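Participant: Sequence and experimental coordinates follow.
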Number of protein chains: 2
Amino acid sequence: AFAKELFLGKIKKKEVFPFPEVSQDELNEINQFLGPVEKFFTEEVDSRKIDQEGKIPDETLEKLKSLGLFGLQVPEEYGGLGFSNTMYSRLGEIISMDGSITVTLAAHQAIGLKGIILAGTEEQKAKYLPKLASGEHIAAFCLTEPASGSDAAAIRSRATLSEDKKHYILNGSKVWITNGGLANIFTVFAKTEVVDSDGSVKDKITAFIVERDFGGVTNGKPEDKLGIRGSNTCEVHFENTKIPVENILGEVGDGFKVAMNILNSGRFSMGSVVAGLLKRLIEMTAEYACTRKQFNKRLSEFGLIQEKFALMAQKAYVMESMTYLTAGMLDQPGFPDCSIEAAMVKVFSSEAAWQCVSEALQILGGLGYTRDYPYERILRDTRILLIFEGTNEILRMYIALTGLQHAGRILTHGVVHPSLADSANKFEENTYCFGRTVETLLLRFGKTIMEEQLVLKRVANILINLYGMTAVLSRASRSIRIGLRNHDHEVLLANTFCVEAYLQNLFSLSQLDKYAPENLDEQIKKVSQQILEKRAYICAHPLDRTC
Amino acid sequence: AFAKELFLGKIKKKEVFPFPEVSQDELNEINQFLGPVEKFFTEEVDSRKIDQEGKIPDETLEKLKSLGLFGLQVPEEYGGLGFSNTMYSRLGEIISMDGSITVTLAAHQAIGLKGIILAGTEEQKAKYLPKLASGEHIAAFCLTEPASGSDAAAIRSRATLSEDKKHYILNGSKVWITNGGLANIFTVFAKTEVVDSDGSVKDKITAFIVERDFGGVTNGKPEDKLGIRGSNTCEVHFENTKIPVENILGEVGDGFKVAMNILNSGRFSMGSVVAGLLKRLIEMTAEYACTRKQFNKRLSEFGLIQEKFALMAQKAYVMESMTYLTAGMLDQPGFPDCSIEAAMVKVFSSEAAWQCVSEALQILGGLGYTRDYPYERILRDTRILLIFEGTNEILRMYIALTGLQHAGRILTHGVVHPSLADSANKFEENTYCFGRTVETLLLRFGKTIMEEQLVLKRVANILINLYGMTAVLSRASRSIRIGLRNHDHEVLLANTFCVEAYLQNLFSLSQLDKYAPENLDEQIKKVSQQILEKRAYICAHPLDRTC
Ligand SMILES: Cc1cc2nc3c(=O)[nH]c(=O)nc-3n(C[C@H](O)[C@H](O)[C@H](O)COP(=O)(O)OP(=O)(O)OC[C@H]3O[C@@H](n4cnc5c(N)ncnc54)[C@H](O)[C@@H]3O)c2cc1C
Ligand SMILES: Cc1cc2nc3c(=O)[nH]c(=O)nc-3n(C[C@H](O)[C@H](O)[C@H](O)COP(=O)(O)OP(=O)(O)OC[C@H]3O[C@@H](n4cnc5c(N)ncnc54)[C@H](O)[C@@H]3O)c2cc1C
């Protein structure tokens, strides 16, 4: 991957900078495909009715099955469409208009049946995948226990062999699974004892493809969510579940690798989702500011709405750069390992989504707060993307933790257009200084870097900014060389983000020094310790007096 | 006030560093009153049922009337409680828990009947205030029309003087008037022709105390609000309203000044309302931060949760400093024009509220997004504070130019405790250079500063941070000298805020120079104007290519 090489202080030239280019025929045929898709979301989708009622209408879901979006990444031989990673991102740019169905389909494709394709047996593939991609079967990714979440190694669901050793018995419950109410196939992750030459009785996690027809799998009442009322998040209890031995992934005991790959192979497309959302915002607020008058003038002439529009456009553009570069590096021959960059795209998309949606509702003022306008649904559904597919704080570790281990093992520019000359120099300076800082950080902490949960956050921020800046440089250089329309606008959108990210990175890199007077790590530690040991607020009220 | 002297480069040390101190008898009286108030709010209020149903129950509102809480800033002779400013903030900290009720009370007290006390006559006061503060009459502040929330100098409500000289006739419609559904007294603001010696027929803004019993005033259907569903925000229509000639504030032709003075006196309370929220959150999450297991450890042992808790505590402490210093400035003899400070505290409180509520729901992760937990209600209700009593976006103009206009006319440190030495050494610096910058602006921009609103926003940020830093310095110095419990915790919070605000203000001041390459005023302007002319996102997809 490109991210893993950032820590060593080297930038892989002749790579990333040539932006992924798609030939004409795929683009033409996918416009022919998106015709009906865009039409169907525009006419037949009643977003307000779905959000208010909280139940997806049967006709809409049936038509969605008919268009076959359930198998976008499924290979053609198994009834899928075989769209590449880039094409999935392009279709996800427009799939996000509803807001509720996007989560259901991300659960069905990105994570749900991803396990069968990644590590399932060929017989299991032929048995299940053609029916899953057709839409009759829906996959739900059951991983979390009521007292679980991150660090799923500690699951309390027991699966054990039977006397005849011909079928497994499973008993457990799962709490937060998207589309668990209607799903007919679950990728349950449970625990089972394993025996080896040492005679050990260690317990290891294993996967299980479980149907609702096996019996003993029961569903509870759907949980009344805040924003995406369309999704059907439920409770599943497995009591006395009988599983034939053929329903297992890889080999018994290797559940951690499958779980990690499933989580790490489906977070880049989300980055495009937000981008599409932001487009809709600038398709609805821009107009309003034109039909509303203040200071005897239209709203658009004020500089303080102009800066908000520029910020929204900058976030959308940088987000598109991230998503499409990441989806273009996954289409190379083989199986490249670019799980970090999907995390970068996910984190940046969530942050920019929250900031820009808050600002957009602010521009509409008091009018946007009511439900007559649809800005409620956008704000409520934008929140979940920070929670969805793992929290941002975990991915802040994953970007730093996994990359630094690769960095630790090793220790133990005429490509951009002349118009963007300053951005290349700033990117080179940031990469060099950041490499030196990471080298010093690994030298000083050594192996104790795990507990420095604050340092990893700053390193993750710097890495996300560097990846954003380099993706934007690559996209702008392509747009200039091809001579695409409005190339000066995209040059300005590149330079603004380059200056902003350079300032932020220079701030973050400065406070990662041994003798930095601005290093505010101990103060936060002490204060947080005080509140956490008291478990309430500390400071007494100003009114009270004690001589 | 203290803020107006900041731009000249001089610190009003006598006014703000000796922190306001309440006498023992007054403190005993206020605790005696909060006793029953805290009991009633804790045991009787059913926040979830009010939020879900959207209608305030009759019994709880009647009990609130029995407590006589609708009037507390009312003078004691007019049935009021005669509470001072600091007592209002302290009782706001308590009433902040419900969320729906605080909006109704702010509409009744801070804005609604504030006009009668500020500019009403003795006869009008004796006629209306005793019934208003009793609870059987509620005042609603009608200022906005379908197309006029800001710049009220452009209202289209027509009030004309009848030929008999004894009645005014009023016709108009108002939108987004808090508690307009049940209010029986309106401070309607309209326009009426005025005749002078010059023979002009110009229209001037006038106020009108209007009763529902007059006739021709109709209530529309309540707006279906997003979060604060308890408060009844409705539509009020004035069709042929007859107004007796004695219901005018001040004199005919001074409605704009009365409106401005009403608005500029009720924005410090919600500086501490958020405190009465955030402290509760720092408790409500803290329990959850110790009753869940991850990585085999309590979440409180992680760095990120520690950082979030310290941030929440810091914001709560700074808002306490701002609100109580501002409430102590007002209680001095006379009524100094502290219009800047109230707006400043409001905007800082709103920003910190949004940030901290986002972080707090993030800590609870997937459980917080559920409607069962009360974190959903807090997130939905915290939105209004970026809108209510006018948006915080325009309140960044009063803070920006009300001092510059004051500074324009003029141009045409042993009090702090030694422990907080270096922080004070920063504060003076963060003022001194700042003053120079301001005066340089008054040269370079001449009188054109109004239109270049980005500079105004930057100056607003610098001033807000300076006031926050000086307020926390003064409060921490008082707490050290008196010897309150956990004073070292207060010192740590004060030092953290001083360093953070100094960094942010140095960044803001560094980019206000002409020869600073950190300036983005021109590029943002160009990008925003391009987008606004295009009416939508102008940049195209990267998949599309041109031969
Ligand atoms: C729950 C609620 C409570 C309310 N309470 C009150 C109340 O107590 N009193 C009251 O008077 N109104 C109140 N309002 C009305 C509110 O202030 C809005 O003005 C109203 O909803 C309609 O105004 P608008 O959308 O036309 O505002 P606009 O000003 O048209 O909104 C456009 C946005 O552009 C920006 N902007 C506007 N003018 C300027 C400028 N000159 N310079 C720079 N930026 C600018 C601001 O961000 C503004 O929000 C309330 C509204 C709601 C929803
Ligand atoms: C809509 C939705 C969709 C979901 N989809 C899935 C899914 O596809 N797959 C799945 O497995 N689960 C999924 N979940 C479950 C979710 O990931 C968690 O299991 C759930 O929030 C349970 O609470 P928690 O363990 O995250 O508690 P939390 O306290 O929220 O745990 C995560 C948070 O705790 C802190 N934290 C945790 N670990 C660390 C650490 N090592 N270092 C620092 N801080 C840390 C951080 O603040 C982090 O944000 C979903 C949940 C929801 C609501």
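Facilitator: Looks like it arrived, so ask away. Numbers count the residues shown, from 1 in each chain, chains lettered A, B, ... in the order given. Ligands and ions are numbered 1, 2, ... in the order given.
Participant: Which helix or strand contains residue A:461?
Facilitator: Using DSSP states H and E, residue A:461 maps to helix A:453-482.
Participant: Point me to the residue of the stretch 151-300 of chain A nearest ligand 1.
Facilitator: Nearest residue of the stretch 151-300 of chain A to ligand 1: residue A:294, at 4.0 Å (C-beta to the nearest ligand atom). Quick note: C-beta positions are derived from backbone N, CA and C, even for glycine.
Participant: in the stretch 251-400 of chain A, which spans are strands?
Facilitator: A:293-294, A:297-298 (DSSP state E, counting those that start in this stretch).
Participant: can you redo those strands as JSON lines with mean neighbour count?
Facilitator: Below are the strands of the stretch 251-400 of chain A laid out as JSON lines (neighbours: other C-beta atoms under 10 Å in any protein chain shown):
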{"stretch": "strand A:293-294", "mean neighbour count": "16"}
{"stretch": "strand A:297-298", "mean neighbour count": "12"}
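Participant: what residues are up against residue A:89?
Facilitator: A:268-269, A:271-272, A:323-324, A:327 (C-beta atoms under 8 Å, 6 or more residues apart in numbering or on different chains).
Participant: Would you agree residue A:236 falls within a strand?
Facilitator: Yes. Checked against DSSP: H, G, I helix; E, B strand; the rest coil, residue A:236 lies within a strand.
Participant: how close does the nearest residue to residue A:519 once chain neighbours are set aside sit to residue B:389?
Facilitator: Nearest non-adjacent residue to residue A:519, counting by C-beta to C-beta, 6 or more residues apart in numbering or on different chains: residue A:511, 5.4 Å away. Residue A:511 sits 37 Å away from residue B:389, going by C-beta to C-beta, to the nearest Å.
Participant: Looking at these two, which is more packed in?
Facilitator: residue B:389 (22 against 14; other C-beta atoms under 10 Å in any protein chain shown).
Participant: Near ligand 2, which residues of the stretch 151-300 of chain A? Just list them.
Facilitator: A:176, A:178 (C-beta under 6 Å from any ligand atom).
Participant: before we move on, the earlier item: thinking the residue nearest to residue A:519 is in contact with residue A:455, fair?
Facilitator: No. With contact defined as C-beta atoms under 8 Å, residue A:511 does not reach residue A:455; the gap is 10.2 Å.
Participant: residues in contact with the residue in chain A positioned nearest to ligand 2?
Facilitator: Closest to ligand 2 within chain A is residue A:149: 1.8 Å, counting by C-beta to the nearest ligand atom. By C-beta under 8 Å, 6+ apart, the contact set of residue A:149 is B:294, B:365-366.
Participant: Tabulate the CA atom coordinates of stretch A:424-431 in CSV.
Facilitator: Presented in CSV, the C-alpha positions along stretch A:424-431 are these (Å, rounded to 0.1, in the frame of the first residue of the first chain):
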residue,chain,number,x,y,z
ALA,A,424,4.5,19.5,-4.1
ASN,A,425,7.2,21.2,-2.1
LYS,A,426,4.9,21.4,1.0
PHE,A,427,4.0,17.7,0.6
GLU,A,428,7.7,16.8,0.4
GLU,A,429,8.6,18.8,3.4
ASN,A,430,5.7,17.3,5.5
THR,A,431,6.7,13.8,4.4
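Participant: What are the contacting residues of that stretch?
Facilitator: A:6, A:9, A:11, A:413, A:416, A:462, A:465-466, A:469-470, A:473, A:498-499, A:502, A:505-506, A:509.
Participant: In it, which residues are buried?
Facilitator: A:424, A:426-427, A:430-431 (16 or more other C-beta atoms under 10 Å in any protein chain shown).
Participant: what's the answer for stretch A:360-376, then?
Facilitator: A:360-370, A:375-376.
Participant: restrict the residues you listed to those near ligand 1?
Facilitator: A:362-363, A:365-367, A:369.
Participant: which of those residues lies closest to ligand 1?
Facilitator: residue A:366 (2.4 Å).
Participant: need the contact list for the closest one.
Facilitator: Counting by C-beta under 8 Å, 6+ apart, residue A:366 has contacts B:149, B:176, B:387, B:391.
Participant: Quick check: which of those residues are also close to ligand 1?
Facilitator: Within the contacts of residue A:366, those near ligand 1 by C-beta under 6 Å from any ligand atom are B:149, B:176, B:387, B:391.
Participant: Where does chain A get nearest to chain B, which residue?
Facilitator: residue A:453 (2.5 Å; C-beta to the nearest C-beta).
Participant: if I pick that residue, what's in contact with it?
Facilitator: By C-beta under 8 Å, 6+ apart, residue A:453 lies in contact with A:397, B:302-304, B:306.
Participant: Check residue A:186 too.
Facilitator: By C-beta under 8 Å, 6+ apart, the neighbours of residue A:186 are A:139-142, A:177, A:180, A:208-210, A:217, A:236.
Participant: Over to it. Which of the three states is it?
Facilitator: strand.
Participant: With the one 3 residues further on instead?
Facilitator: Under three-state DSSP, residue A:189 falls in the strand class.
Participant: Which residues does it form beta bridges with?
Facilitator: With DSSP bridges as the criterion, residue A:189 is bridged to residue A:207.
Participant: Who are the contact partners of it?
Facilitator: Residue A:189 touches A:142-143, A:152, A:155, A:157, A:205-208, A:255, A:259, counting by C-beta under 8 Å, 6+ apart.
Participant: could you measure residue A:73 against ligand 1, distance?
Facilitator: The gap separating residue A:73 from ligand 1 is 42 Å, by C-beta to the nearest ligand atom, to the nearest Å.
Participant: My read is that that residue contacts residue A:87, right?
Facilitator: No. Between residue A:73 and residue A:87 there is no contact under C-beta under 8 Å: 9.3 Å.
Participant: re the thing from before, as JSON lines, the strands of the stretch 251-400 of chain A with distance to residue A:63 would be great.
Facilitator: Shown next, in JSON lines, are those (distance: least, C-beta to C-beta, whole Å):
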{"stretch": "strand A:293-294", "distance to residue A:63": "43"}
{"stretch": "strand A:297-298", "distance to residue A:63": "41"}
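Participant: Let's have these in CSV, adding distance to chain B.
Facilitator: Converted to CSV, the strands of the stretch 251-400 of chain A look like this (distance: least, C-beta to the nearest C-beta, whole Å):
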stretch, distance to chain B
strand A:293-294, 5
strand A:297-298, 9
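Participant: Which one, of the ones you listed, ends up nearest to residue B:82?
Facilitator: Nearest to residue B:82 among those is strand A:293-294 (39.4 Å), distances taken as C-beta to C-beta.
Participant: how's chain A carved up into domains?
Facilitator: Domain assignment for chain A by automatic domain parsing gives A:24-136, A:140-252, A:262-394, A:413-531.
Participant: Tell me which of those sits most buried.
Facilitator: Compared across the domains of chain A, domain A:262-394 shows the largest average neighbour count, a mean of 21 (mean count of other C-beta atoms under 10 Å in any protein chain shown).
Participant: Next, the distance between the ends of that one.
Facilitator: 16 Å (C-alpha to C-alpha, to the nearest Å).
Participant: Ok, stretch A:511-526 next?
Facilitator: Distance between the boundary residues of stretch A:511-526 (C-alpha to C-alpha) amounts to 18 Å.
Participant: That one vs ligand 2: in contact?
Facilitator: No. Stretch A:511-526 does not reach ligand 2 (C-beta under 6 Å from any ligand atom); its nearest approach is 13.8 Å.
Participant: ok now that stretch, how far from the chain's centre?
Facilitator: 31 Å (C-alpha atoms, centre = their mean, to the nearest Å).
Participant: Can you pull out the residues in contact with that stretch?
Facilitator: A:437, A:441, A:444, A:454-455, A:458-459, A:510, B:306-307, B:310, B:492, B:495-496, B:499-500, B:503.
Participant: let's go with 10 Å and repeat that
Facilitator: Residues outside stretch A:511-526 that contact it (C-beta atoms under 10 Å, 6 or more residues apart in numbering or on different chains): A:434, A:437-438, A:440-441, A:444, A:452, A:454-455, A:458-459, A:462, A:507, A:510, B:303, B:306-311, B:314, B:422, B:488-489, B:492-493, B:495-496, B:499-500, B:502-503.
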